[PDB]
Amino acid sequence: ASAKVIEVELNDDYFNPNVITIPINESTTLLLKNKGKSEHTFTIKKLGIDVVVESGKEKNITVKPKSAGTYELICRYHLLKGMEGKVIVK
Amino acid sequence: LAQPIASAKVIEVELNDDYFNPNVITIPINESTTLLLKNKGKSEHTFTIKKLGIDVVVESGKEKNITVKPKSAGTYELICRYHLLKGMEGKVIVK
Ligand SMILES: [Zn+2]
Ligand SMILES: [Zn+2]
Ligand SMILES: [Zn+2]
Ligand SMILES: [Zn+2]
Ligand SMILES: [Zn+2]
């Protein structure tokens with residue numbers, strides 16, 4: 001099991017990277033860094049993830065997906081401006 | 001006590017990406033004013049006046065009414081909680 005923390009930048013108004021891959025049946029720590037001037041969310045509904053991150057702040061979350069597939073990542077505030085991504089569990 | 005339906009005056013406030021229009025509104029103390037909040041932007045926004053205990057979230061392309069009856073004169077900060085740092089703020093003057 002990797003000690004690697006997966007880092008995701010939230011900026012105005014996009015995720016970087018906008019595709020991430022995490023291992024099935026393992027705990028992965030994600031470091032969510034909001035480098036933008038707006039509040040953003042990191043939301044993966046089908047994985048039960050919904051995190052709000054203040055501008056200039058970061059949060060760690062731990063995810064342990066049990067089903068392989070490609071899951072929708074969105075920011076709830078900016079979905080219509082293209083702030084979405086794909087989270088691949090394999 | 002009875003009055004006709006929708007007697008309170010209505011002030012429209014536009015929420016767009018990322019500003020309020022108008023960004024200064026004046027409302028009478030100890031009277032009810034209705035605020036019609038219209039989100040004309042592509043982002044979710046809030047209409048938040050912390051010192052008046054107001055916090056309304058409006059989804060893109062939607063609208064919401066809120067009626068307020070402030071008890072103290074002053075100038076209150078209006079913000080969008082998501083975009084305050086992008087300049088999305090205003091002033092609510094109660095007099
Ligand atoms: Zn966002
Ligand atoms: Zn998608
Ligand atoms: Zn925004
Ligand atoms: Zn806003
Ligand atoms: Zn101000």
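The figures that follow rest on heavy atoms only: side chains count, while hydrogens, waters and symmetry mates do not. Naming: A, B, ... by sequence-line order, numbering from 1 per chain. Indexing begins at 1, ligand by ligand and atom by atom, following the structure's order.
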Taking NZ, NE, NH1 and NH2 as the nitrogens, is one of them in B:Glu14 or B:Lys38 under 4.0 Å from a carboxylate oxygen of the other? no
Stepwise, does the side-chain contact (heavy atoms from CB on, under 4.5 Å) test hold for A:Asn16 with A:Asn11? CA-CA 8 Å; A:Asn16 177 33; A:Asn11 213 310; over 6 Å; no
Which atom pairs, donor and acceptor, lie under 3.5 Å between side-chain atoms of residues 61-70 of chain B and protein residues at least two apart or in another chain?
residue : atom : partner : partner atom : Å
B:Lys64 : NZ   : B:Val57 : O            : 2.8
B:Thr67 : OG1  : B:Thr34 : OG1          : 3.0

When rounded to the nearest 0.5 angstrom, what is the spacing between SG in B:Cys80 and NZ in B:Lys86? 11.5 Å
Examine B:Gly90 and say whether one of its N/O/S atoms is closer to the Zn ion (ligand 5) than 2.8 Å. no
If you leave out waters, which protein N, O or S atoms are less than 2.8 Å from the Zn ion (ligand 4)? B:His45 ND1, B:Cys80 SG, B:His83 ND1, B:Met88 SD
Can you tell me how far OH of B:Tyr82 sits from NE2 of B:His45, rounded to the nearest 0.5 angstrom? 9.5 Å
Heavy-atom donor-acceptor pair, A:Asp12 side chain to A:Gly36 backbone, under 3.5 Å: no
Gap between atom NZ of B:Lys9 and atom CD of B:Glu31 - 0.5 Å precision: 9.0 Å
If I consider every N, O or S atom in B:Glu77, which one ends up closest to the Zn ion (ligand 5)? I only need its name. OE1
